[PDB]
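Engineer: This is the structure, below, for whatever I ask next.
Each value in this text was obtained by applying a stated rule to the coordinates, not by laboratory testing. Here the Cβ positions follow ideal geometry from the backbone for every residue, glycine too, while neighbour counts run over all protein chains shown.
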Amino acid sequence: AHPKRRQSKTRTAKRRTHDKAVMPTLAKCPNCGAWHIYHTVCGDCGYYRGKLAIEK
Amino acid sequence: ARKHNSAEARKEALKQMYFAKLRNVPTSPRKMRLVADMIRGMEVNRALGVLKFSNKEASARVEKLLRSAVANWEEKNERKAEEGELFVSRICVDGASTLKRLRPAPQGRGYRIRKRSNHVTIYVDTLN
Amino acid sequence: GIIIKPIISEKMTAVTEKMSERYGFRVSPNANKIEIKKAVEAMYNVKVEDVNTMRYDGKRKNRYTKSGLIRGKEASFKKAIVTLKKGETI
Amino acid sequence: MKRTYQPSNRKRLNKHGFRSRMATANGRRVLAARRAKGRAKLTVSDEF
Amino acid sequence: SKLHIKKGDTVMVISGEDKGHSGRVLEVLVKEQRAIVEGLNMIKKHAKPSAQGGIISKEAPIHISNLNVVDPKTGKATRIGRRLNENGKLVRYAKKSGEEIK
RNA sequence: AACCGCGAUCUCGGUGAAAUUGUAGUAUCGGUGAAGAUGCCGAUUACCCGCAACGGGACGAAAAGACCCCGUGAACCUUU
RNA sequence: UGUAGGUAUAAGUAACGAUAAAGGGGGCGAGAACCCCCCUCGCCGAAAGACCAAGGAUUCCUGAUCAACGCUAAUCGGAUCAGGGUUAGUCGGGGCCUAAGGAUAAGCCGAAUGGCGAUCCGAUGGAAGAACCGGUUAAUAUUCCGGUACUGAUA
RNA sequence: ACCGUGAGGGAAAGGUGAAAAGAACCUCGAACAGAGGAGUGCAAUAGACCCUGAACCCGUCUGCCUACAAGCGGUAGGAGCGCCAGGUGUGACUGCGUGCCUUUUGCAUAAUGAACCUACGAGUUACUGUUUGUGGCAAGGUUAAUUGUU
RNA sequence: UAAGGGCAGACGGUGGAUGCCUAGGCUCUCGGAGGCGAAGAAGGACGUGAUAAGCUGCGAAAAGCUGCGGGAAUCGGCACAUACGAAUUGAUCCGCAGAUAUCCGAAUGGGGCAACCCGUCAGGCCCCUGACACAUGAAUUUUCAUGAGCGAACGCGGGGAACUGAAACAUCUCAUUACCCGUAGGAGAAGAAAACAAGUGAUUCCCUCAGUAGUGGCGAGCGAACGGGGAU
Ligand SMILES: [K+]
Ligand SMILES: [K+]
Ligand SMILES: [K+]
Ligand SMILES: [K+]
Ligand SMILES: [K+]
Ligand SMILES: [K+]
Ligand SMILES: [K+]
Ligand SMILES: [K+]
Ligand SMILES: [K+]
Ligand SMILES: [K+]
Ligand SMILES: [K+]
Ligand SMILES: [Mg+2]
Ligand SMILES: [Mg+2]
Ligand SMILES: [Mg+2]
Ligand SMILES: [Mg+2]
Ligand SMILES: [Mg+2]
Ligand SMILES: [Mg+2]
Ligand SMILES: [Mg+2]
Ligand SMILES: [Mg+2]
Ligand SMILES: [Mg+2]
Ligand SMILES: [Mg+2]
Ligand SMILES: [Mg+2]
Ligand SMILES: [Mg+2]
Ligand SMILES: [Mg+2]
Ligand SMILES: [Mg+2]
Ligand SMILES: [Mg+2]
Ligand SMILES: [Mg+2]
Ligand SMILES: [Mg+2]
Ligand SMILES: [Mg+2]
Ligand SMILES: [Mg+2]
Ligand SMILES: [Mg+2]
Ligand SMILES: [Mg+2]
Ligand SMILES: [Mg+2]
Ligand SMILES: [Mg+2]
Ligand SMILES: [Mg+2]
Ligand SMILES: [Mg+2]
Ligand SMILES: [Mg+2]
Ligand SMILES: [Mg+2]
Ligand SMILES: [Mg+2]
Ligand SMILES: [Mg+2]
Ligand SMILES: [Mg+2]
Ligand SMILES: [Mg+2]
Ligand SMILES: [Mg+2]
Ligand SMILES: [Mg+2]
Ligand SMILES: [Mg+2]
Ligand SMILES: [Mg+2]
Ligand SMILES: [Mg+2]
Ligand SMILES: [Mg+2]
Ligand SMILES: [Mg+2]
Ligand SMILES: [Mg+2]
Ligand code: NA
Ligand code: NA
Ligand code: NA
Ligand SMILES: [Zn+2]
């Protein structure tokens, strides 16, 4: 229930080894020329798989 | 005269460093360090895309900081950066001052709450 | 001189645009209706019909210094809505 | 759950007010001690 | 305490960056013992646009112990004393030449 | 005993405590020993770092044992 | 098991306070699960609706602000700053009267300080003279405006 | 201030610069939120929490080591690599090694005690005795209260 | 291969140690003074500024009014301010003397939950206002002076503990202390022998006599006076 000892800096950092921020899955627009999330509508131009989806 | 000479030397050194700073951001330094470690060393435009689409909250502020650092590079070089020419050469997150608050606990006890802040520094340089 | 200052506000403007024989003063908190009436007759040479009064305590305010904060108060006052006889203005 | 403090202004002024302190010799002793310490509030009659 | 200089006098700066320069006293700040001398100790103040702004050049006060009354005989920035020459009224006179200061 | 529903639980985004804490790169068995050993001896086993889950040990945490004795200590109660 | 201040560890862990419940479309905005408007859904309904009193004391309305506060964010707020807002002859209270009790007079008691002791004070009780229908503010209304009245003094 | 019905208890908190000259204007950004410049200034790593700016605690970079290894974490040996001319960083591998305080006949003890750092924290003074080191006078030694001149 | 980790150096962050500084304390010396108040105190409430007042000052004459003396160019208090004015015909400022001085408070016209409510009588205005008076006790003869309340220490007086020490405890001690109460003055108290002594000559204070004479479960402890030298 209670820690018998305080943890050292080394022990704490060893546990935190596996803490990381996930990289987003980014695809390039071959025509538009910008970044967007793969399998997601490109919000700059509204196109998805070569077809207009969201009309600005 | 000694302090004047030292200040002149430091000012001359500053002219060849391209950096921006964010100070006193009211947000956990340990949480900001995740994003910093994610984007350390990346090409600048790819890093801008990563920060734009990241699922962490701190990326919104880091994106503005990186844009400001790129603008400082452009001003100190008196030109514009070409595509794929700059990269994130240095980035660190430091702990800042903490706000202390009290939250009531059962049976009359009271506990301290720490609202932490952070500083971020970004350098940019050419892929040499 | 119990009368301190006239009341210029949206409510007073609306009531004067409606009735035109009604005027609002801010006076000392201890002056009753008879003395408010005699005072406005002296100060404006008009005949007064009726007086309505209400007491306001001062607002509590926060004076800000370099180090911290102090708690202060505004002065109390008395409102006096004054109805003149039909025919006269101020 | 009923707690110990149940406010009543009449009771407060009857128990701890300036006139009740001035009524007895020991109340005047309390007032003299508070004046000697220099308290900004002397009785519960001061608070508003 | 009455001062050794007054507004409308001509003084000389005996110490500081403006050492050896004479000017006219414009205003005296008695509480902090400083005076404004015309044309001396110029400062560039940055002012935001208010009642266009800009960079205004202005005069900054000088401590009065750095100012001495100019002798009206050679302009040598003497010391002064006080005497009762003018019909017994106290007046200021220069010590280097003995002439009164008017 | 089986199955079912929601809340807690688990994963992700935001905020973010506490008790505890000599330092720790903190394995097992037998022996030894202030006489029941993570830390000594001799062997045995064991690539580095997490997450979920359970409570055998750390004579685990908490409260300077209330039981027992002691102090020319204290209080209260009774009485020829 | 020493004191003050600062910073750690456990740990990005416990928890975010009733299992009445939410979905969508528009608006404003740099930024929206949460703010504003609309439609649909759900909960209370001898209440979780509407009033009087105690207690609180500007929290009420409006314009700016989102630093701190709000257990998330916030363009929102019972938050910050400024301005505004409470109107009575008839409503309530007090002015009048006494209860318990309290302070006292004449007197009594008592090292002192003081303790008793029938007129006064003292509501939680008694007396109170006396309307209304319609409008009207961002915020007050039996109080303001228009109609119908009543009640007490005074010449 | 805060706490308590009340009597009462009772904090924390000083320092820009000689002079506000307290940063016009530009850039990124919704915004000074913040920063990078420009300018002022001896100095802005003196920029409003502002002199100096330590430790615990938290980061980044560079050098060396580290994924077959087992106990107070050091100590004595000792290759290799790496820096600035005999110094310095790291350290493969080997030997030895159960913290410290207190309390006890005896504690690695599974007896007590401490999260850590900075700061604070415990044989003092007066009088009277007595012994002694060093001195002044010496069959004598010494003044107390107080009084004069300054 | 270093996912991570260890050590060192450099540079940062946080935090606010240290060094330097300060009129804010502490302890005293010398000289004064030793009270304020019914002609209304101490201490408060509410007001008062060109702009809200948090302090300061002042009181409806309200950061202020008048006279005399000093003095000579700025001034209009402070919390990093502008405006607008005053001032050599002498402002502001300093010394002395005056004027005004709301409400509560001994509070004193009666009440009351302090800073409020309600009155009477004489006038003056005009249901309501501003200005008078209206308490009680003691000398006193209804005319008159005096008192009440507050407040540092020092003085005198009336009551008066316990823990503690005696290695328990009761006589004793702590101690005629703490504390409560009453009451003066610049000091108070004492003071001019029905005295000490075995000759001195009123009180008071200092140095000695002296830890002596005594006293005491003769335990723990307590503890003089005569005489001598001084201040006066
Ligand atoms: K009316
Ligand atoms: K009214
Ligand atoms: K000088
Ligand atoms: K302990
Ligand atoms: K708004
Ligand atoms: K400096
Ligand atoms: K300095
Ligand atoms: K530092
Ligand atoms: K070793
Ligand atoms: K034990
Ligand atoms: K006497
Ligand atoms: Mg993890
Ligand atoms: Mg935060
Ligand atoms: Mg997100
Ligand atoms: Mg509670
Ligand atoms: Mg407010
Ligand atoms: Mg869990
Ligand atoms: Mg989470
Ligand atoms: Mg064994
Ligand atoms: Mg074992
Ligand atoms: Mg152990
Ligand atoms: Mg245990
Ligand atoms: Mg024990
Ligand atoms: Mg403990
Ligand atoms: Mg855990
Ligand atoms: Mg909980
Ligand atoms: Mg949970
Ligand atoms: Mg109320
Ligand atoms: Mg509201
Ligand atoms: Mg928030
Ligand atoms: Mg509001
Ligand atoms: Mg009666
Ligand atoms: Mg009643
Ligand atoms: Mg309403
Ligand atoms: Mg903002
Ligand atoms: Mg420096
Ligand atoms: Mg510094
Ligand atoms: Mg092997
Ligand atoms: Mg290996
Ligand atoms: Mg033993
Ligand atoms: Mg041993
Ligand atoms: Mg023990
Ligand atoms: Mg321990
Ligand atoms: Mg131990
Ligand atoms: Mg310690
Ligand atoms: Mg450092
Ligand atoms: Mg007058
Ligand atoms: Mg004069
Ligand atoms: Mg009376
Ligand atoms: Mg005893
Ligand atoms: Na469990
Ligand atoms: Na590493
Ligand atoms: Na009275
Ligand atoms: Zn595309």
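Engineer: Select from region B:5-32 the residues that are assigned to a loop (DSSP other than H, G, I, E, B) and more than 14 Å from B:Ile91 (Cα to Cα) and list them in ascending order. So that I can check it myself, show each step before the final result.
Structural biologist: We begin by selecting, within region B:5-32, every residue assigned to a loop (DSSP other than H, G, I, E, B); these are B:15-18, B:26-28.
Of everything in region B:5-32, those that are assigned to a loop (DSSP other than H, G, I, E, B) and more than 14 Å from B:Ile91 (Cα to Cα) turn out to be B:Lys15, B:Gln16, B:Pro26, B:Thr27, B:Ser28.
Engineer: Any chance region E:20-34 includes a residue that's in a strand (DSSP E or B), within 27 Å of E:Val91 (Cβ to Cβ) and either aromatic (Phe, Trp, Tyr) or within 13 Å of ligand 3 (Cβ to nearest atom) (or both)?
Structural biologist: To start, the set of residues in region E:20-34 that are in a strand (DSSP E or B) comprises E:21-29, E:34.
From what's left, within 27 Å of E:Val91 (Cβ to Cβ): E:21-29, E:34.
Of the ones still in play, those that are also either aromatic (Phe, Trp, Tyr) or within 13 Å of ligand 3 (Cβ to nearest atom) (or both) are E:34.
Among the residues of region E:20-34, at least one is in a strand (DSSP E or B), within 27 Å of E:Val91 (Cβ to Cβ) and either aromatic (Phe, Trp, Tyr) or within 13 Å of ligand 3 (Cβ to nearest atom) (or both), which makes the answer yes.
Engineer: Scanning for something of a type in the set (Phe, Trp, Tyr), in contact with a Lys or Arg (Cβ under 8 Å, 6 or more places away or on another chain) and surrounded by 13 or more Cβ atoms within 10 Å (Cβ to Cβ), does region B:46-64 turn up at least one residue?
Structural biologist: Of the residues in region B:46-64, the ones of a type in the set (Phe, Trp, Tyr) are B:53.
Okay, now just the ones that are also in contact with a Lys or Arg (Cβ under 8 Å, 6 or more places away or on another chain), so none.
No: zero hits.
Engineer: Of all residues in region A:25-56, count the ones that are charged (D, E, K, R) and either within 16 Å of ligand 16 (Cβ to nearest atom) or within 12 Å of chain B (Cβ to nearest Cβ) (or both).
Structural biologist: Going residue by residue through region A:25-56, those that are charged (D, E, K, R) are A:28, A:44, A:49, A:51, A:55-56.
Next cut, either within 16 Å of ligand 16 (Cβ to nearest atom) or within 12 Å of chain B (Cβ to nearest Cβ) (or both) only: A:28, A:44.
Count: 2.
Engineer: Being aliphatic (A, V, I, L, M), within 12 Å of RNA strand I (Cβ to nearest atom) and either more than 14 Å from chain B (Cβ to nearest Cβ) or surrounded by 10 or more Cβ atoms within 10 Å (Cβ to Cβ) (or both) narrows it down to one of E:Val13, E:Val37, E:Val25, E:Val70, so name that one. Break it down into steps so the answer makes sense when it comes.
Structural biologist: Numbers: E:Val13 fails: within 12 Å of RNA strand I (Cβ to nearest atom); E:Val37 fails: within 12 Å of RNA strand I (Cβ to nearest atom); E:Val70 fails: within 12 Å of RNA strand I (Cβ to nearest atom).
Only one candidate passes the filter, namely E:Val25.
Engineer: May I pose another question? Under 8 Å by Cβ, and 6 or more places apart or on different chains, what pairs join a residue from region B:34-62 that is within 7 Å of chain A (Cβ to nearest Cβ) and in a helix (DSSP H, G or I) with one that is of a type in the set (D, E, K, R) and more than 13 Å from ligand 14 (Cβ to nearest atom)?
Structural biologist: Going by the 8 Å Cβ cut-off, the qualifying pairs are B:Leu34/A:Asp19; B:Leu34/A:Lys20; B:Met38/A:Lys20.
Engineer: Something else about it: Identify all residues within region A:13-24 that are within 11 Å of chain B (Cβ to nearest Cβ) and either part of a helix (DSSP H, G or I) or loosely packed, with under 10 Cβ neighbours inside 10 Å (or both); write none if there are none. Spell out the reasoning first.
Structural biologist: First, the residues of region A:13-24 that are within 11 Å of chain B (Cβ to nearest Cβ): A:16, A:19-24.
Within region A:13-24, A:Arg16 is the sole residue that qualifies.
Engineer: Still on this structure, I have one more. Surrounded by 14 or more Cβ atoms within 10 Å (Cβ to Cβ), away from every other protein chain (no Cβ under 14 Å), farther than 29 Å from D:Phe48 by Cβ and within 9 Å of RNA strand G (Cβ to nearest atom) - does that describe any residue in region C:25-43?
Structural biologist: Looking through region C:25-43, none of the residues is surrounded by 14 or more Cβ atoms within 10 Å (Cβ to Cβ), away from every other protein chain (no Cβ under 14 Å), farther than 29 Å from D:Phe48 by Cβ and within 9 Å of RNA strand G (Cβ to nearest atom).
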